[PDB]
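Dropping model34.csv in here (CSV, C-alpha atoms):
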chain,number,residue,atom,x,y,z
A,84,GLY,CA,0.0,0.0,0.0
A,85,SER,CA,0.9,3.7,-0.2
A,86,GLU,CA,-0.3,7.2,0.5
A,87,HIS,CA,0.0,10.8,-0.6
A,88,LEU,CA,3.1,12.0,1.4
A,89,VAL,CA,6.4,12.3,-0.4
A,90,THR,CA,7.4,15.9,0.5
A,91,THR,CA,10.8,15.6,2.0
A,92,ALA,CA,14.5,16.2,1.2
A,93,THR,CA,17.2,13.6,1.1
A,94,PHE,CA,20.6,14.2,2.7
A,95,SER,CA,23.8,12.3,3.5
A,96,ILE,CA,25.8,11.9,6.7
A,97,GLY,CA,29.6,12.3,6.8
A,98,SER,CA,31.1,10.1,4.1
A,99,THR,CA,29.6,6.7,4.8
A,100,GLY,CA,25.8,6.6,5.3
A,101,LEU,CA,22.9,8.9,4.3
A,102,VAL,CA,19.7,10.1,5.9
A,103,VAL,CA,16.7,12.0,4.6
A,104,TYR,CA,14.9,14.8,6.6
A,105,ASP,CA,11.2,15.3,6.3
A,106,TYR,CA,10.5,19.0,6.2
A,107,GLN,CA,6.9,18.7,7.2
A,108,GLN,CA,5.9,15.5,9.1
A,109,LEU,CA,9.2,15.8,11.0
A,110,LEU,CA,10.7,12.4,10.3
A,111,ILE,CA,14.1,11.0,9.4
A,112,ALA,CA,15.4,7.8,7.7
A,113,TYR,CA,18.5,6.1,9.0
A,114,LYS,CA,19.9,2.6,8.2
A,115,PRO,CA,23.2,0.8,7.8
A,116,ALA,CA,23.1,-1.3,4.7
A,117,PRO,CA,20.6,-1.1,1.8
A,118,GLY,CA,17.4,-3.1,2.6
A,119,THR,CA,18.2,-3.6,6.2
A,120,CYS,CA,16.9,-2.4,9.6
A,121,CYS,CA,15.6,1.2,9.7
A,122,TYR,CA,14.9,3.8,12.3
A,123,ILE,CA,12.7,6.9,12.4
A,124,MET,CA,12.9,9.9,14.7
A,125,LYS,CA,11.3,13.3,15.2
A,126,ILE,CA,12.8,16.7,14.4
A,127,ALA,CA,12.3,20.3,15.5
A,128,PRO,CA,11.3,23.1,13.1
A,129,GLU,CA,13.0,25.7,15.3
A,130,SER,CA,16.4,23.9,14.8
A,131,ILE,CA,16.4,21.1,12.3
A,132,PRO,CA,19.3,18.8,13.3
A,133,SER,CA,20.9,18.5,9.9
A,134,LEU,CA,23.5,15.8,9.1
A,135,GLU,CA,25.8,17.9,11.3
A,136,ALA,CA,24.0,16.8,14.4
A,137,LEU,CA,22.9,13.4,13.0
A,138,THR,CA,26.5,12.3,12.4
A,139,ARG,CA,27.1,13.2,16.0
A,140,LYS,CA,24.7,10.8,17.4
A,141,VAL,CA,25.2,8.3,14.5
A,142,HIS,CA,28.9,8.1,15.3
A,143,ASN,CA,28.0,6.5,18.7
A,144,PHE,CA,26.3,3.7,16.7
A,145,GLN,CA,23.6,2.6,19.2
A,146,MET,CA,21.6,0.4,16.8
A,147,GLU,CA,23.2,-1.7,14.1
A,148,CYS,CA,20.2,-4.0,13.8
A,149,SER,CA,20.4,-4.4,17.6
A,150,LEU,CA,18.8,-1.4,19.2
A,151,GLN,CA,20.7,-0.3,22.3
A,152,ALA,CA,18.9,0.6,25.6
A,153,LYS,CA,17.7,3.9,24.0
A,154,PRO,CA,14.0,2.9,23.8
A,155,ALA,CA,11.9,1.3,26.4
A,156,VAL,CA,13.2,-2.1,25.2
A,157,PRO,CA,16.8,-2.6,26.5
A,158,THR,CA,16.7,-6.3,25.4
A,159,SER,CA,18.4,-7.7,28.4
A,160,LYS,CA,16.7,-9.0,31.6
A,161,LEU,CA,13.2,-7.4,31.1
A,162,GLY,CA,9.7,-8.2,32.1
A,163,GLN,CA,7.3,-10.1,29.8
A,164,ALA,CA,5.8,-7.2,27.8
A,165,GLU,CA,8.5,-5.5,25.8
A,166,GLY,CA,8.7,-2.4,23.7
A,167,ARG,CA,8.9,-1.9,19.9
A,168,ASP,CA,5.5,-3.3,19.3
A,169,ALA,CA,4.3,-2.8,22.9
A,170,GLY,CA,6.3,0.2,24.0
A,171,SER,CA,7.6,2.3,21.2
A,172,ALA,CA,4.6,2.0,18.9
A,173,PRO,CA,1.1,2.7,20.2
A,174,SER,CA,-0.9,0.7,17.7
A,175,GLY,CA,-1.1,1.7,14.1
A,176,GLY,CA,-0.8,5.3,15.3
A,177,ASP,CA,3.0,4.6,15.5
A,178,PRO,CA,5.1,6.9,13.4
A,179,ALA,CA,5.9,3.9,11.1
A,180,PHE,CA,3.2,4.5,8.6
A,181,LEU,CA,3.1,8.3,8.1
A,182,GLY,CA,5.4,8.6,5.1
A,183,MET,CA,5.9,6.9,1.8
A,184,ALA,CA,9.5,8.1,1.4
A,185,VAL,CA,10.7,6.4,4.5
A,186,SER,CA,8.9,3.3,3.3
A,187,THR,CA,11.1,3.3,0.2
A,188,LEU,CA,14.5,3.8,1.8
A,189,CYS,CA,13.7,1.6,4.9
A,190,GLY,CA,11.9,-0.8,2.6
A,191,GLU,CA,8.7,-1.0,4.5
A,192,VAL,CA,10.7,-2.6,7.3
A,193,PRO,CA,9.7,-2.6,11.0
A,194,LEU,CA,11.7,0.4,12.3
A,195,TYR,CA,11.9,1.4,15.9
A,196,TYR,CA,12.4,4.8,17.6
A,197,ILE,CA,16.1,5.5,18.5
B,84,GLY,CA,14.2,25.2,-22.4
B,85,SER,CA,12.5,24.1,-19.2
B,86,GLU,CA,9.1,23.5,-17.6
B,87,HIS,CA,7.3,23.5,-14.2
B,88,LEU,CA,8.0,20.0,-13.0
B,89,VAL,CA,10.7,19.6,-10.3
B,90,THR,CA,8.7,17.6,-7.6
B,91,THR,CA,10.9,14.5,-7.0
B,92,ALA,CA,13.2,13.0,-4.4
B,93,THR,CA,16.9,12.1,-5.0
B,94,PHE,CA,18.3,8.8,-3.8
B,95,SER,CA,21.4,6.7,-4.1
B,96,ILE,CA,22.1,3.1,-5.0
B,97,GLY,CA,24.4,0.8,-3.0
B,98,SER,CA,27.7,2.6,-2.6
B,99,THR,CA,28.7,3.6,-6.2
B,100,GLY,CA,26.0,5.3,-8.2
B,101,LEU,CA,22.8,7.2,-7.4
B,102,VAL,CA,19.3,7.5,-8.8
B,103,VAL,CA,16.4,9.8,-8.2
B,104,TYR,CA,12.8,8.7,-7.9
B,105,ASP,CA,9.9,10.8,-9.2
B,106,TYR,CA,7.0,10.6,-6.7
B,107,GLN,CA,4.4,11.8,-9.2
B,108,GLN,CA,5.2,11.4,-12.9
B,109,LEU,CA,6.7,8.0,-12.1
B,110,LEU,CA,10.2,8.5,-13.5
B,111,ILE,CA,13.8,7.6,-12.5
B,112,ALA,CA,17.2,8.8,-13.4
B,113,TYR,CA,20.1,6.4,-13.8
B,114,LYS,CA,23.6,7.0,-15.3
B,115,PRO,CA,27.2,5.8,-14.9
B,116,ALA,CA,29.5,8.8,-15.0
B,117,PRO,CA,28.5,12.5,-14.6
B,118,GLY,CA,27.4,14.0,-17.9
B,119,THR,CA,27.1,10.7,-19.7
B,120,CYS,CA,24.4,8.5,-21.1
B,121,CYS,CA,21.1,8.4,-19.1
B,122,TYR,CA,18.1,6.1,-18.8
B,123,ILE,CA,14.5,6.7,-17.6
B,124,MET,CA,12.0,4.1,-16.5
B,125,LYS,CA,8.5,3.9,-15.0
B,126,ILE,CA,7.6,3.1,-11.4
B,127,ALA,CA,4.5,1.8,-9.5
B,128,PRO,CA,2.8,3.7,-6.7
B,129,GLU,CA,1.6,0.5,-5.1
B,130,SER,CA,5.2,-0.6,-4.6
B,131,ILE,CA,7.8,2.0,-5.5
B,132,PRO,CA,11.0,0.0,-6.3
B,133,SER,CA,13.4,1.9,-4.0
B,134,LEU,CA,17.2,1.7,-4.4
B,135,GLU,CA,16.8,-1.8,-3.0
B,136,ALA,CA,15.2,-3.0,-6.3
B,137,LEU,CA,17.2,-0.6,-8.5
B,138,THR,CA,20.6,-1.9,-7.3
B,139,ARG,CA,19.3,-5.4,-8.1
B,140,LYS,CA,18.7,-4.8,-11.8
B,141,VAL,CA,21.5,-2.2,-11.9
B,142,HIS,CA,24.0,-4.8,-10.6
B,143,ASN,CA,23.4,-6.8,-13.9
B,144,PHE,CA,24.6,-3.7,-15.8
B,145,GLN,CA,22.7,-4.0,-19.1
B,146,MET,CA,23.5,-0.6,-20.5
B,147,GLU,CA,26.9,1.2,-19.9
B,148,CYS,CA,26.3,3.5,-22.9
B,149,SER,CA,25.6,0.4,-24.9
B,150,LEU,CA,22.0,-0.6,-24.2
B,151,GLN,CA,21.6,-4.4,-24.0
B,152,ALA,CA,18.8,-6.2,-25.8
B,153,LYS,CA,16.3,-4.9,-23.3
B,154,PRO,CA,14.4,-2.5,-25.5
B,155,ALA,CA,13.2,-3.1,-29.1
B,156,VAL,CA,16.7,-2.2,-30.3
B,157,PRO,CA,19.1,-5.1,-29.7
B,158,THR,CA,21.8,-3.5,-31.8
B,159,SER,CA,22.9,-6.6,-33.6
B,160,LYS,CA,21.6,-7.9,-36.9
B,161,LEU,CA,18.3,-6.1,-37.1
B,162,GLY,CA,16.1,-4.7,-39.8
B,163,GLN,CA,16.4,-1.2,-41.2
B,164,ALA,CA,14.1,0.7,-38.8
B,165,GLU,CA,15.5,0.5,-35.3
B,166,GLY,CA,14.3,1.6,-31.9
B,167,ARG,CA,15.3,4.4,-29.5
B,168,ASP,CA,14.0,7.1,-31.9
B,169,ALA,CA,11.7,4.7,-33.8
B,170,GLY,CA,10.8,2.1,-31.2
B,171,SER,CA,11.2,3.3,-27.6
B,172,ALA,CA,10.1,6.9,-28.2
B,173,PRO,CA,6.8,7.6,-30.0
B,174,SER,CA,7.5,11.1,-31.2
B,175,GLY,CA,7.9,14.0,-28.7
B,176,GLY,CA,5.4,12.1,-26.5
B,177,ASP,CA,8.3,9.9,-25.4
B,178,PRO,CA,9.0,10.1,-21.6
B,179,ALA,CA,12.1,12.1,-22.3
B,180,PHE,CA,10.7,15.5,-21.9
B,181,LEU,CA,8.4,15.2,-19.0
B,182,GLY,CA,10.6,16.3,-16.1
B,183,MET,CA,13.2,19.1,-15.5
B,184,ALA,CA,15.0,17.2,-12.7
B,185,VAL,CA,15.9,14.3,-15.0
B,186,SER,CA,17.0,16.8,-17.6
B,187,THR,CA,19.5,18.1,-15.0
B,188,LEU,CA,21.1,14.9,-13.9
B,189,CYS,CA,21.0,13.3,-17.3
B,190,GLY,CA,22.1,16.6,-18.8
B,191,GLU,CA,19.4,16.9,-21.4
B,192,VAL,CA,20.9,13.8,-23.0
B,193,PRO,CA,19.1,11.3,-25.3
B,194,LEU,CA,18.1,8.6,-22.8
B,195,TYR,CA,16.4,5.3,-23.8
B,196,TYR,CA,14.1,3.0,-21.8
B,197,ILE,CA,15.8,0.1,-20.1
C,84,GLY,CA,14.7,30.6,13.7
C,85,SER,CA,13.2,29.1,10.5
C,86,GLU,CA,10.7,29.8,7.7
C,87,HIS,CA,8.4,28.0,5.2
C,88,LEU,CA,10.8,27.3,2.3
C,89,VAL,CA,12.1,23.7,1.9
C,90,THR,CA,11.1,23.1,-1.7
C,91,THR,CA,14.4,22.0,-3.3
C,92,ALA,CA,16.2,18.9,-4.6
C,93,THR,CA,19.5,17.5,-3.3
C,94,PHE,CA,22.3,16.4,-5.7
C,95,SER,CA,25.9,15.3,-5.6
C,96,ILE,CA,29.0,16.4,-7.4
C,97,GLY,CA,31.5,14.0,-8.9
C,98,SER,CA,32.3,11.5,-6.2
C,99,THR,CA,33.4,13.6,-3.3
C,100,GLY,CA,31.1,16.5,-2.4
C,101,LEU,CA,27.4,17.1,-2.9
C,102,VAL,CA,25.1,20.1,-3.5
C,103,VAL,CA,21.4,20.8,-3.5
C,104,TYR,CA,19.7,22.8,-6.3
C,105,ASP,CA,16.8,25.0,-5.3
C,106,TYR,CA,14.2,24.7,-8.1
C,107,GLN,CA,12.5,27.9,-7.2
C,108,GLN,CA,14.5,30.6,-5.3
C,109,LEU,CA,17.5,29.6,-7.4
C,110,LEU,CA,20.0,28.7,-4.7
C,111,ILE,CA,22.7,26.0,-4.2
C,112,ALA,CA,24.4,24.6,-1.1
C,113,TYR,CA,28.2,24.0,-1.4
C,114,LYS,CA,30.6,23.2,1.4
C,115,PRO,CA,33.8,21.1,2.0
C,116,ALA,CA,33.5,19.4,5.4
C,117,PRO,CA,30.3,18.8,7.4
C,118,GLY,CA,29.5,21.8,9.6
C,119,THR,CA,32.0,24.1,8.0
C,120,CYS,CA,32.1,27.2,5.7
C,121,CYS,CA,29.3,27.2,3.1
C,122,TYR,CA,28.6,29.0,-0.2
C,123,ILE,CA,25.4,29.9,-2.0
C,124,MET,CA,25.0,30.9,-5.7
C,125,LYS,CA,22.2,31.6,-8.2
C,126,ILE,CA,21.1,29.5,-11.1
C,127,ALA,CA,19.3,29.9,-14.4
C,128,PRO,CA,15.8,28.4,-15.1
C,129,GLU,CA,16.5,28.4,-18.8
C,130,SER,CA,19.5,26.1,-18.2
C,131,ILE,CA,20.0,24.8,-14.7
C,132,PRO,CA,23.7,24.1,-14.3
C,133,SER,CA,23.4,20.5,-12.9
C,134,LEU,CA,26.3,18.9,-11.1
C,135,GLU,CA,27.9,18.7,-14.5
C,136,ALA,CA,28.5,22.4,-14.4
C,137,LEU,CA,29.0,22.7,-10.7
C,138,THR,CA,31.9,20.1,-10.7
C,139,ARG,CA,33.4,22.1,-13.5
C,140,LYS,CA,33.9,25.3,-11.5
C,141,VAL,CA,34.1,23.4,-8.2
C,142,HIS,CA,37.1,21.4,-9.6
C,143,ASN,CA,39.0,24.6,-9.7
C,144,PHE,CA,38.5,24.9,-5.9
C,145,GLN,CA,38.5,28.7,-5.3
C,146,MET,CA,37.2,28.7,-1.8
C,147,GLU,CA,38.2,26.1,0.8
C,148,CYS,CA,37.2,28.4,3.8
C,149,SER,CA,39.3,31.0,2.1
C,150,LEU,CA,37.3,32.5,-0.8
C,151,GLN,CA,39.5,33.4,-3.7
C,152,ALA,CA,39.4,36.8,-5.5
C,153,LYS,CA,36.0,35.9,-6.9
C,154,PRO,CA,33.8,38.3,-4.9
C,155,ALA,CA,34.5,42.0,-4.1
C,156,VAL,CA,36.7,40.9,-1.2
C,157,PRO,CA,40.0,39.5,-2.6
C,158,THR,CA,41.5,39.5,1.0
C,159,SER,CA,44.9,40.9,0.0
C,160,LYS,CA,45.9,44.6,0.0
C,161,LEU,CA,42.4,46.2,-0.1
C,162,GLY,CA,40.8,49.4,1.2
C,163,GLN,CA,39.2,49.6,4.6
C,164,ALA,CA,35.7,48.6,3.8
C,165,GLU,CA,35.6,45.0,2.6
C,166,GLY,CA,33.0,42.7,1.1
C,167,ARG,CA,31.1,39.7,2.5
C,168,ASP,CA,29.2,41.8,5.0
C,169,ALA,CA,29.9,45.1,3.2
C,170,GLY,CA,30.1,44.0,-0.4
C,171,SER,CA,28.5,40.7,-1.1
C,172,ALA,CA,25.5,41.1,1.3
C,173,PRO,CA,23.3,44.2,1.1
C,174,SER,CA,21.8,44.0,4.6
C,175,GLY,CA,19.5,41.2,5.6
C,176,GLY,CA,18.4,41.2,2.0
C,177,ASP,CA,21.4,39.1,1.3
C,178,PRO,CA,20.7,35.6,-0.2
C,179,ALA,CA,21.8,34.1,3.2
C,180,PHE,CA,18.4,33.9,4.8
C,181,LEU,CA,16.1,32.9,1.9
C,182,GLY,CA,16.1,29.1,2.4
C,183,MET,CA,15.8,26.7,5.3
C,184,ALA,CA,17.3,23.7,3.5
C,185,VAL,CA,20.6,25.5,2.8
C,186,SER,CA,20.6,26.6,6.5
C,187,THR,CA,20.5,22.9,7.4
C,188,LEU,CA,23.3,21.5,5.3
C,189,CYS,CA,25.5,24.6,5.8
C,190,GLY,CA,24.5,24.6,9.4
C,191,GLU,CA,23.4,28.3,9.6
C,192,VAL,CA,27.0,29.1,8.8
C,193,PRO,CA,28.2,32.4,7.3
C,194,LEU,CA,28.4,31.7,3.5
C,195,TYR,CA,29.8,34.0,0.9
C,196,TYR,CA,28.9,34.3,-2.8
C,197,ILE,CA,31.4,32.5,-5.0
Just dump the structure as structure tokens.
Amino acid sequence: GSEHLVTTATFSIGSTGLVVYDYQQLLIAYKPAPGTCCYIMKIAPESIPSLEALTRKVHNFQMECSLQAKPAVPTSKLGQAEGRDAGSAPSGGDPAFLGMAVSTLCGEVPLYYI
Amino acid sequence: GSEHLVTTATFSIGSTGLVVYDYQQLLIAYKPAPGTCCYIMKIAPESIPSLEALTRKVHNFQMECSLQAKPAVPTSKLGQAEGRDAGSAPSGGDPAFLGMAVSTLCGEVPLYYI
Amino acid sequence: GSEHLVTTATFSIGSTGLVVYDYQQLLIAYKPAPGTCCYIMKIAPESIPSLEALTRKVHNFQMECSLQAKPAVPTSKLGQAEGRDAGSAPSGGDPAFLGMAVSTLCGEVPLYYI
């Protein structure tokens, strides 16, 4: 499926990976290899964190198809109910289906907030 | 000359070349070196073939300023009338002058369907 | 601060740097390293100088956080009043605050006409 939301600009980070910034819905696309795990985050219109800031947090590398303890799902000695689909995604309302662009780069993959 | 059609997003393929996807007119820009032969194709809104799919067909490399036997012009033991300008381009109606963006990347070069 | 102007396409030059062409206000984003000096120029709608042209003049490298004798400020044996903020920027009207996108890539850095 698809929708009518492809108004965003594509950018690159440093000299390795690349991420696109949504100048409207406030979304970003970040992923290691092509056709792999993806991640979406929110941005501020008062100060859009261009690649300059992105590369800063990206350098720390707290995902790599692993997802550090950033979200509510640390993935290490946790109760039954976890995050991702029960913590960082309140039903379909989750910011996972609010942009076609991100669906292209990420490849309609299950991305989680970072 | 130019027109009023620059609504598209630019993307990259793998870690070598890059191609832009037109989220409207359904067009794509693909080329080897800067200022060289170009190629335009159509895309589906139901499932836009992001770089993921592009790199797949691009990996096969069936052009390289040569154009394989993909189109109606195999370029090898064929009748008089050929393609390109007499097979893969029905007059000006050809999808060669329906986007300014592609005209920039391709460099207003005679691109043929792949 | 920010505004409502993010309608532009991002492109890359050669195989090192990258620049975004503003298909409207006629502006381009050029800079060496991420989060460093930036440069903005005007383009023509009749013949948008794609990366092909950019790389041409860019190859000469007449800036590098130095700015050659291109503008009115050669930076070498010149009168009191110089350019940049007194030659290549007529008050706030200067083409430095006419695009949010450029402000992102450049990082709200002081750019000078090249």
Work out how far CA of residue 165 (chain A) is from CA of residue 151 (chain A), in Å to one decimal. 13.7 Å
Ref. answer, residues at most 8 Å from (20.5, 1.7, -1.4) with only C-alpha atoms, as a VMD selection string: (chain A and resid 116 to 118 188) or (chain B and resid 94 to 98 133 to 135 138)
Any idea which chain B residues end up within 12 Å of chain A if we count only C-alpha atoms, as a count of residues only please? 31
Could you tell me, as a list in words, which residues have any atom at most 12 Å from (35.7, 34.2, -7.3), counting only C-alpha atoms?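 It turns out the residues near that spot are residues 122, 124, 140, 141, 143, 144, 145, 146, 147, 149, 150, 151, 152, 153, 154, 155, 156, 157, 158, 171, 195, 196 and 197 of chain C.
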How about saving the chosen residues, C-alpha atoms kept, as an mmCIF file, keeping the file's coordinate frame?
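Below is the file that was written, result.cif:
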data_model
loop_
_atom_site.group_PDB
_atom_site.id
_atom_site.type_symbol
_atom_site.label_atom_id
_atom_site.label_comp_id
_atom_site.auth_asym_id
_atom_site.auth_seq_id
_atom_site.Cartn_x
_atom_site.Cartn_y
_atom_site.Cartn_z
ATOM 1 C CA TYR C 122 28.600 29.000 -0.200
ATOM 2 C CA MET C 124 25.000 30.900 -5.700
ATOM 3 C CA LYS C 140 33.900 25.300 -11.500
ATOM 4 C CA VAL C 141 34.100 23.400 -8.200
ATOM 5 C CA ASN C 143 39.000 24.600 -9.700
ATOM 6 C CA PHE C 144 38.500 24.900 -5.900
ATOM 7 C CA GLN C 145 38.500 28.700 -5.300
ATOM 8 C CA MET C 146 37.200 28.700 -1.800
ATOM 9 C CA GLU C 147 38.200 26.100 0.800
ATOM 10 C CA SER C 149 39.300 31.000 2.100
ATOM 11 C CA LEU C 150 37.300 32.500 -0.800
ATOM 12 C CA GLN C 151 39.500 33.400 -3.700
ATOM 13 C CA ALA C 152 39.400 36.800 -5.500
ATOM 14 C CA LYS C 153 36.000 35.900 -6.900
ATOM 15 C CA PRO C 154 33.800 38.300 -4.900
ATOM 16 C CA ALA C 155 34.500 42.000 -4.100
ATOM 17 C CA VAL C 156 36.700 40.900 -1.200
ATOM 18 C CA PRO C 157 40.000 39.500 -2.600
ATOM 19 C CA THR C 158 41.500 39.500 1.000
ATOM 20 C CA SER C 171 28.500 40.700 -1.100
ATOM 21 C CA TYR C 195 29.800 34.000 0.900
ATOM 22 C CA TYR C 196 28.900 34.300 -2.800
ATOM 23 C CA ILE C 197 31.400 32.500 -5.000
#
In Å, with one decimal, what is the gap from CA of residue 178 (chain C) to CA of residue 123 (chain C)? 7.6 Å
Shell of 9 Å around residue 125 (chain B), all atoms listed in the file, local chain residues under 6 positions omitted, as JSON, numbers by chain: {"B": [108, 109, 110, 111, 196]}
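You will find CA of residue 180 (chain C) at 19.6 Å from CA of residue 148 (chain C).
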